[PDB]
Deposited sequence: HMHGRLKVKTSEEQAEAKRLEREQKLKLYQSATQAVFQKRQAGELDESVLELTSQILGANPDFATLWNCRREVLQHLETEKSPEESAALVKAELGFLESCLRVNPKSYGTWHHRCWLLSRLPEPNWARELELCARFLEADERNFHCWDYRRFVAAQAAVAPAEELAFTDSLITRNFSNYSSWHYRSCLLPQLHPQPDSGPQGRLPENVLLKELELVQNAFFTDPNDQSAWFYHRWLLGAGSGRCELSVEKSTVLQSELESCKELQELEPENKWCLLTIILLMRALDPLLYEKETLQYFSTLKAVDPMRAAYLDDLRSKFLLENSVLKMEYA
């Protein structure tokens, strides 16, 4: 342990030394690509070395044949993919890939989308990869509807869904292009499946709270939406019975009652705040402030009675 890393250190130190010497000498060649490959594998956050690689690739592009140039970029893609397998959360590595692809005549975007699907099946929460996927989708002019279909299969195949629900929150407005009610109802159905399938799973509850605000007034509640929301309310009460320590369903009961009729449900809303605070005491201060806000809203509604 302690010995072998005294060796590694002096290797990285002399290779680092060697790279900086070559750079000061203006030697922008495959030397320096060889040296930095040996350092960036274990230390991808060494930003200056990614810069050195770019300076070399730029220089060589001017002095090499188009086929030699093409060969260097394919080698770079393989290098990059090997680096990502060891450290998939390095800002520098993902940016270098983006820099490289943006430069190309040329680029094979469907292959890059596949790379993304592969990294996301390993870690569905890797934000770097989701950011890269959005980059690739915009470059390839992938339509929001295709990306929407990708997110569905991801949410249903397993949990760890916050990143995929978040992506849906951005896509849905684009394909729209404040959701239309037919879309909102279908989303509510999808999310309500999720949180009844895995009531633990905070991401569906967060997305549902957004959906509850993303509609028309209420009360310009349609009979269909009124009925759907009332149905949700009763389903959450059932889940409360199955899972008495589940705080998300309790909060959602409160929010549904707000969405339906604040004044008619005043009594129940207050009862639910008490239960919820006992179940989730770390959020007592938040919940008291939420209750205070809701009561002030109620006073305004009552004072609107002429």
query: In sequence order, the deposited-sequence ranges that have no modelled C-alpha atom; finding: 1-17, 195-202
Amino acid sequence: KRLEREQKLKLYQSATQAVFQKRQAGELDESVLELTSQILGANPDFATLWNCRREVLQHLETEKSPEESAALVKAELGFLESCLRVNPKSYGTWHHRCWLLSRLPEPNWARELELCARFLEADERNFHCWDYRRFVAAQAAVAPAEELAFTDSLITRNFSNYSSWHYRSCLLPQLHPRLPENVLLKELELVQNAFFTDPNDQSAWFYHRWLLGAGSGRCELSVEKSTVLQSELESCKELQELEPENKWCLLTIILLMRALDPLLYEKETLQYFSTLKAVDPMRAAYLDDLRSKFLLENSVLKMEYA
From here on, numbers count along this sequence of modelled residues.
| property | result |
| --- | --- |
| Selected stretch [higher average CA B-factor]: 238-246 or 271-279 | 238-246 |
| Stretch with the higher entry mean CA B-factor, where the candidates are 133-141 and 214-222 | 214-222 |
| Maximum C-alpha temperature factor, selected from 29, 261, 55, 45 | 29 |
| Third assignment of residue 189 from its chain's C-alpha B-factors | middle |
| CA B-factor ranking of residue 177, expressed as a third of its chain | highest |
| Third of chain Cα B-factors occupied by residue 99 | lowest |
| Where the record places residue 285 (Cα B-factor, split into thirds across the chain) | lowest |
| B-factor third for the C-alpha atom of residue 254 within its chain | lowest |
